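Undergrad: Pasting an experimental structure with its sequence.
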Amino acid sequence: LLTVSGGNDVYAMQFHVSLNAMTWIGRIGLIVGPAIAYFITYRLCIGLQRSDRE
Amino acid sequence: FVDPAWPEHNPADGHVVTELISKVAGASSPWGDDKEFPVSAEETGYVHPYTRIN
Amino acid sequence: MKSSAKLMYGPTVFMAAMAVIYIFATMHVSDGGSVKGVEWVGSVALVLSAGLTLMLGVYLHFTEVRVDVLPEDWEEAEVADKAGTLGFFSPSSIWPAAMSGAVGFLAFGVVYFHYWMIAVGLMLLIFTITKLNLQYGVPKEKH
Amino acid sequence: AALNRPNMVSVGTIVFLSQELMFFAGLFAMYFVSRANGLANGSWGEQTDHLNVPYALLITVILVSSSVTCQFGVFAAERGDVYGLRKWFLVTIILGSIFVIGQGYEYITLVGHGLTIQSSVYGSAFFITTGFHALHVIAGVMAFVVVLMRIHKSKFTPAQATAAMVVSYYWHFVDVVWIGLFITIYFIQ
Amino acid sequence: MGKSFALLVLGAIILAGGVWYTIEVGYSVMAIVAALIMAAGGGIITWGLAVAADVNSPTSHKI
Amino acid sequence: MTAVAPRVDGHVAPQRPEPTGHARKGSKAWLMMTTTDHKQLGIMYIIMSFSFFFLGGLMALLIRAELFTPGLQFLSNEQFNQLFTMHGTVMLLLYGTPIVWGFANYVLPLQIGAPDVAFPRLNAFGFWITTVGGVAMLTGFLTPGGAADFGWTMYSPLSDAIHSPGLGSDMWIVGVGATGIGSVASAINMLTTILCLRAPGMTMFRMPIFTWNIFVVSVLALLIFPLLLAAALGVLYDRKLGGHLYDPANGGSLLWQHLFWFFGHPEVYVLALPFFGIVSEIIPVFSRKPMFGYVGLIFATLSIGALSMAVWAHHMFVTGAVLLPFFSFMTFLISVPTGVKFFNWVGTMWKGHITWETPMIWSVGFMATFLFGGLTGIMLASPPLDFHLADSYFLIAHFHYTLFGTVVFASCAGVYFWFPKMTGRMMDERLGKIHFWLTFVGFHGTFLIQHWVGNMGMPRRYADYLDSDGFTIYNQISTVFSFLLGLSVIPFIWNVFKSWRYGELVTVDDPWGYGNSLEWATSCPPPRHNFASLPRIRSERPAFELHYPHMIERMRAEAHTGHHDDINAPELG
Amino acid sequence: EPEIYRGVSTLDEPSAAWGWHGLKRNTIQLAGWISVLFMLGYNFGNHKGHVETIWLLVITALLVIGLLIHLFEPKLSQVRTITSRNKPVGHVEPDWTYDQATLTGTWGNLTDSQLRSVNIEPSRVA
Ligand code: HAS
Ligand SMILES: CCCCCCCCCCCCCCCC(=O)O[C@H](COC(=O)CCCCCCC[C@@H](C)CCCCCCCCC)COP(=O)(O)O[C@H]1[C@H](O)[C@H](O)[C@@H](O)[C@@H](O)[C@@H]1O
Ligand SMILES: CCCCCCCCCCCCCC(=O)O[C@H](COC(=O)CCCCCCCCCCC)COP(=O)(O)O
Ligand SMILES: CCCCCCCCCCCCCC(=O)O[C@H](COC(=O)CCCCCCCCCCC)COP(=O)(O)O
Ligand SMILES: CCCCCCCCCCCCCC(=O)O[C@H](COC(=O)CCCCCCCCCCC)COP(=O)(O)O
Ligand SMILES: [Ca+2]
Ligand SMILES: [Cu+2]
């Protein structure tokens, strides 16, 4: 997200997104992006463990 | 030439697979339709790996 | 599928009759609420709409000739008649999800009209389709 | 006996090929509507002077030849001949890959002397119909290559035979569509 | 029957409040808010009626 | 004959799998990514459909709030226009069509006695493509310009490179195309399981009405979705490149209109026949009577298969480009099979024993609604009447009695009906009745008077109107009752969430009592392969004869009107 | 029997014995509340617009709602009702298909008429 925000002006134009919206996505996404990533990854790890036991 | 894995069938009043008919209701097994499962754990050649941590 | 191959003749002949009525009625009738002349969308796509039903009907008809009396097609069949193997069903696979993701990438490629994105999406789709088919074929890992 | 019964994969593929035919119903509809009002003002005649009819016949026979070789390949799969299937599928790939190059070359030689998408209604209608067919042919060739590399790893049971038979179905459909599309474009005008 | 009549009266008073509230706020943004008020009122009334019409012909018994 | 097996000593029972309340961490996360089970797929296929329902219905409230009073209070022309475009699209292609295949994926293999679907990895692809298409289509709202704003019909030349520029219009096209691949990917294997994978003794005419409806829909969806893909890719070819196919100077407007409506009405009937089937499942079970005129229903459904193809330009009477007599008459015919299968429902309920559980309540609240919807359908089918009513607000009321009729009342009926089968738990009856009454009053209120306004001169896609028109009180009433309709989902969501993990446990393989379909001969939920044992199928109701043997002679002796004299006939060899 | 390793049961996380498993519930809330602080602190920039603040408050509300139902851990109970022709907990389901195949139990007592209606003559059973 930091890397994308670092080139968010080339993202904004080429993908037709508001540059202000991109800044806010970066700001908010740094809090809720990591949280969702943790949740999904944890559940998927346990899922892979379960399939391994079956 | 006939493939070794081709099911041993009489080439008289019987065909295993044609354009439109077959012997099963569904997809033919990719591990031989004439293969009897399950088999003994020895034939699989799976070696259960004893591991100890620390 | 003894009766399945037969019931398609219904829609086939119906649509074939409507398509010929349509062409002749549209090119020779002046209503005043429209103009005169054959319509080239309701004609081609209704002639060829009957084509689909005819194709499927004929294929199933040829197929059903050279099939024996199956227990599912037999009126008084015991449950123990089909006792055997119902062939091979895939238990699980990750590739459907991947190839949906691949078509999504190509989709956005076409939306934004980015050549690199279209090219990558096209070859990202070939790869996933290939892996779907070669799923149960991947050889035992040779050292 | 073993109580023979319909090939599930073959019936699945035939039901898929039926829908692919209605995909070209749209394209044919677009072509015929544009043809109808192109003849009205006597503009259609001028546009169809860009067609190389003799050249479009050579590629037609190439595609028909590919079909026949494809069928030969499938005749070899019923009997479990791995090598019969392998040989004829390669020749079909070669034959079908020169159609695409041939078709592609026609495009390059057609845009050189006036006919493009953004030049006339005829140009747009010619390229929509012939373009999508070319995409389908490419997809068919890739299907052949994946079947070739599928029977390189698996043990060639009736499962691989079925995969080959259905890919042949797809190829036959593609070439039949071409036959119907060549008559429409190059003969009926 | 107990819950019902209470829900009907509460819904009725809320709906009346909403109907009255629409008349002041002419064609402003607050007309939408008043619409939400009457919708909530009507919702509560129908909820009361539904619970009334369930204890009349019940399909589930308390164990 | 019957070949009674010897009584084996020791046979106790199957495993009787556990309900859905007790799930451990990781038990579902990676399973859903790679699943090829039609049961779990169907569950997630329905859930996703309802999510899109809630999302797409929120747009209807924003539209409906703006129309409360004259003047633009919070919403603009541009935002209003792209708000009914995306509302009519998400509800028809992201909720409507998927919810059709959800009830198809789950119960069709379970109704014919199949272990699985024919192509397990293909319907797993059909789920993932539809969701991707949905997400792609809605990405339009994340652009500064907005989503597509032309309606859900994308008329030409309003929808070309010149008019309506912006990436939202491409996203709409591409998303529609993708969601249309999921429909054909699902129709392939809903048609080949019926042919190939069927239980011993289940002839084609032993299959329930539901499976017959999905059979007809499958063959009907194969010839309409490709056509839409072709038409939409023709428009994309026109927009992205410089194609001239859709220029007004060579058809273009009419070309697209024909091409679109040719699949416009077949997709409409892909949303009606399965839900007619769902209702045709619920009525006989709660009436303790068989499905009146079973073969009659078969013929009716088959008629609508073929007739629906010849009626497409009744959507364009006011164009002045179509043959009015041809499409006017053809449309009048397609009401006749519907009338037949509609009399069959009454016949099924006729002198029956009706118990009023939630499914039966929903099903009866369906017929009363769809009836009026269809009644004002034959109005529009006559060009002398459709001249005033076309592209107007009476039309809006018409296809909300038929869409909100079939895809909402019958869908919810199906959810209440099959919930014990899908989950092993039962939904709260009181909350179900509350939900029904809310969604019923709140719907009729918001859509009845909609007829009256459309006749007096309000056209459909209007962001604003003047106070000097008389369309103020009517809009106000509609908005009030619409906000009420929006609240009805609260009991539904609470019921589904609570009852999924806390609902009463189902301890019998047929909770509704008199189920007569092969799904009611298995545990709730079924054990991963649909069947721990298979009964003898001798009629269209194998589960009924399985549960009630003492009346097998009664249901054959008095099934016909009379002159039934085969019970006293000599035996065959 | 399931084993607990570091407060994490092998029943819930199979390979509890192999790696770092389970964050203490108090650390999941510290992160949550710190995040809420940051999200509330975003409202103190120079931005003149109010669209972004609507999103900030909505997301903060969703975070707060989540962090409360994670804290108090709301639970419910089994409904414990009876619906039409549904049996209470502790009912044993007869194998209907087994009873149908061999004339036992549910299909244990049919009238001779009822035998012939299902195509089997009573002389074949003793
Ligand atoms: C089955 C298909 C359909 C359903 C259901 C449907 C529901 C409604 N409709 Fe509609 N509709 C209209 C009014 C309503 C109202 C009041 C409802 C009601 O059923 C409302 C349902 C509302 C809900 C069900 C909302 C519940 C959600 C709540 C209370 C909060 C959700 C919260 C969150 C956080 C969201 C969850 C998010 C997640 C990601 C999980 C109006 C006029 O007010 C127009 C014409 C606009 C114009 O002027 O032309 C219209 C237009 C259409 C069109 C034509 C589109 C076009 O002209 O381009 C179609 C095809 C259609 C179908 C359907 N429609 N409708
Ligand atoms: C790999 C998966 C990745 C998926 C990520 C997808 C999530 C992206 C959401 C994007 C939402 C964008 C909505 C646009 C909103 C917008 O444009 O507003 C702007 C301000 O943006 C905002 O605050 C919105 C930021 C908040 C978004 C939060 C994003 C967090 C994400 C990461 C987490 C949620 C999704 C998780 C999905 C992951 C899947 C696993 C579950 C300010 O407007 P402005 O540029 O000033 O222009 C106007 C003048 O022109 C005009 O005069 C007017 O008068 C002015 O008022 C002004 O509006
Ligand atoms: C890992 C993090 C990377 C950090 C990137 C930060 C995010 C901003 C990305 C901006 C993307 C801009 C895209 C764009 O404008 O497209 C184009 C500009 O940039 C590019 O060409 C992207 C090239 C990227 C590599 C793709 C190579 C494909 C060949 C594959 C062979 C193996 C414009 O479209 P066009 O080139 O005309 O087709
Ligand atoms: C949008 C999908 C429609 C696909 C139709 C296929 C059309 C084939 C194009 C043949 C070239 C015609 C000659 C010509 O005028 O060339 C050029 C114009 O056409 C093109 O650039 C070709 C576009 C490439 C097609 C993109 C493939 C889409 C991928 C499919 C993924 C869904 C001449 O350019 P010019 O006028 O001289 O500047
Ligand atoms: C290439 C990447 C590889 C490196 C991975 C990075 C890992 C380093 C991070 C170490 C994390 C320690 C986790 C841990 O031990 O958990 C806990 C540490 O305490 C915390 O949770 C810290 C709370 C801080 C929250 C920060 C909020 C962010 C706000 C957004 C700012 C904009 C302890 O775990 P335990 O008590 O055992 O459950
Ligand atoms: Ca207003
Ligand atoms: Cu219509």
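TA: Thanks, I have the structure now. Numbers count the residues shown, from 1 in each chain, chains lettered A, B, ... in the order given. Ligands and ions are numbered 1, 2, ... in the order given.
Undergrad: just the strands in chain G please.
TA: Secondary structure of chain G (DSSP state E): strands at G:82-83.
Undergrad: same question, the stretch 351-500 of chain F
TA: In the stretch 351-500 of chain F, the strands defined using DSSP state E, counting those that start in this stretch lie at F:425-426.
Undergrad: For it, which residues are neighbours of ligand 1?
TA: Residues of the stretch 351-500 of chain F lying close to ligand 1 by CB under 6 Å from any ligand atom are F:396, F:400, F:403-404, F:407-408, F:446, F:460-462, F:482, F:485-486, F:489. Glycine gets a C-beta too; all of them are placed from N, C-alpha and C.
Undergrad: and what of chain A?
TA: Residues of chain A lying close to ligand 1 (CB under 6 Å from any ligand atom): none.
Undergrad: where along chain A do the helices fall?
TA: Remark: helices assigned in chain A by DSSP state H are A:2-6, A:8-14, A:19-53.
Undergrad: ok, longest helix in chain C?
TA: helix C:44-65.
Undergrad: Do the helix or strand just after that one and ligand 2 come into contact?
TA: The C-terminal neighbour of helix C:44-65 among helices and strands, as given by DSSP states H and E, is helix C:95-112. No. In terms of CB under 6 Å from any ligand atom, no part of helix C:95-112 sits within range of ligand 2; the closest distance is 11.0 Å.
Undergrad: residues near residue F:2, how many?
TA: Number of residues near residue F:2 (other CB atoms under 10 Å in any protein chain shown) recorded here: 17.
Undergrad: residue contacts, the closest residue to it other than its chain neighbours?
TA: Counting by CB to CB, 6 or more residues apart in numbering or on different chains, residue G:120 is the residue found nearest to residue F:2 once chain neighbours are left out, at 4.2 Å. Residue G:120 is in contact with F:1-2, F:4, counting by CB atoms under 8 Å, 6 or more residues apart in numbering or on different chains.
Undergrad: pretty sure residue G:97 is touching residue F:537, no?
TA: No. In this structure residue G:97 lies outside contact range of residue F:537 using CB atoms under 8 Å: 11.3 Å.
Undergrad: With distance to residue C:44 and secondary structure as added columns, please give the contacts of residue G:120 in TSV.
TA: Output for the contacts of residue G:120, formatted as TSV (distance: CB to CB, whole Å; DSSP: H, G, I helix; E, B strand; the rest coil):
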residue	distance to residue C:44	secondary structure
F:1	56	coil
F:2	56	coil
F:4	60	coil
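Undergrad: Residue in chain C with the shortest distance to chain E?
TA: residue C:111 (34.7 Å; CB to the nearest CB).
Undergrad: Distance-wise, check that residue relative to residue F:169.
TA: Going from residue C:111 to residue F:169 by CB to CB, to the nearest Å gives 10 Å.
Undergrad: quick one: contacts for residue F:70?
TA: Neighbour list for residue F:70: E:27, F:464-467, F:472 [criterion: CB under 8 Å, 6+ apart].
Undergrad: for residue F:529, what are its contacts?
TA: Applying CB under 8 Å, 6+ apart to residue F:529 gives the contacts F:115-116.
Undergrad: how close does it get to residue F:522?
TA: 10 Å.
Undergrad: now the strands for chain D?
TA: For chain D, applying DSSP E gives strands covering D:5-6.
Undergrad: still on that earlier bit, and the helices of chain A, which is most packed in?
TA: Using mean count of other CB atoms under 10 Å in any protein chain shown, the stretch among the helices of chain A with the largest mean neighbour count is helix A:19-53, at a mean of 15.
Undergrad: Any part of that helix near chain G?
TA: Yes. Legend: contact between helix A:19-53 and chain G by CB under 8 Å from any CB of the partner chain is shown at A:20, A:24, A:27-28, A:31-32, A:35, A:46, A:49-50, A:52-53.
Undergrad: and that helix, anywhere near ligand 2?
TA: Yes. Helix A:19-53 lies within reach of ligand 2 by CB under 6 Å from any ligand atom, at A:20-21, A:24-25, A:28-29, A:32-33, A:36.
Undergrad: How far away from the center of its chain is that helix?
TA: Chain-centre distance of helix A:19-53: 6 Å, with CA atoms, centre = their mean, to the nearest Å.
Undergrad: and chain A, which of its residues are near chain F?
TA: A:16-18, A:21, A:40, A:43-51.
Undergrad: give me the element the closest residue to ligand 4 within chain E is part of.
TA: Of the residues in chain E, the one nearest ligand 4 is residue E:32, at a distance of 42.6 Å by CB to the nearest ligand atom. Counting by DSSP H and E, the element that carries residue E:32 is helix E:30-52.
Undergrad: which other helices and strands contact that helix?
TA: In terms of contacts (3 or more CB pairs under 8 Å, 6 or more residues apart in numbering or on different chains; DSSP states H and E), helix E:30-52 is packed against helix E:2-24, helix F:429-448, helix F:473-486.
Undergrad: So which of those helices is nearest ligand 2?
TA: Ranking the helices and strands packed on helix E:30-52 by proximity to ligand 2 (CB to the nearest ligand atom) places helix F:473-486 first, at 22.9 Å.
Undergrad: is the closest one up against chain E anywhere?
TA: Yes. Counting by CB under 8 Å from any CB, chain E has neighbours in helix F:473-486: F:476, F:479-484, F:486.
Undergrad: buried stuff in the longest helix along chain G?
TA: The single longest helix within chain G, with elements called by DSSP H, is helix G:51-69. Residues of helix G:51-69 classed as buried: G:52, G:56, G:59-60, G:63, G:67 (neighbour count, 16 or more other CB atoms under 10 Å in any protein chain shown).
Undergrad: For it, which outside residues touch it?
TA: Residues from elsewhere that reach helix G:51-69 (CB under 8 Å, 6+ apart): A:20, A:24, A:28, A:32, G:29, G:32-33, G:35-36, G:39-40, G:42-43.
Undergrad: separation between the closest residue to ligand 1 within chain B and residue F:116?
TA: The minimum distance from chain B to ligand 1, using CB to the nearest ligand atom, falls at residue B:26 (36.1 Å). Using CB to CB, we find residue B:26 at a distance of 9 Å from residue F:116.
Undergrad: Now the two most distant members of the residues of helix A:19-53 next to chain G.
TA: Longest distance between any two of these is 48.8 Å, between A:20 and A:53; criterion CB to CB.
Undergrad: ok, the residue positioned nearest the centre of chain A - contacts?
TA: For chain A, the residue nearest the mean C-alpha position is residue A:33 (4.4 Å; CA atoms, centre = their mean). Neighbour list for residue A:33: residue A:1 [criterion: CB under 8 Å, 6+ apart].
Undergrad: Next one: it from chain C, what distance?
TA: Distance of residue A:33 to chain C, given as CB to the nearest CB, to the nearest Å: 19 Å.
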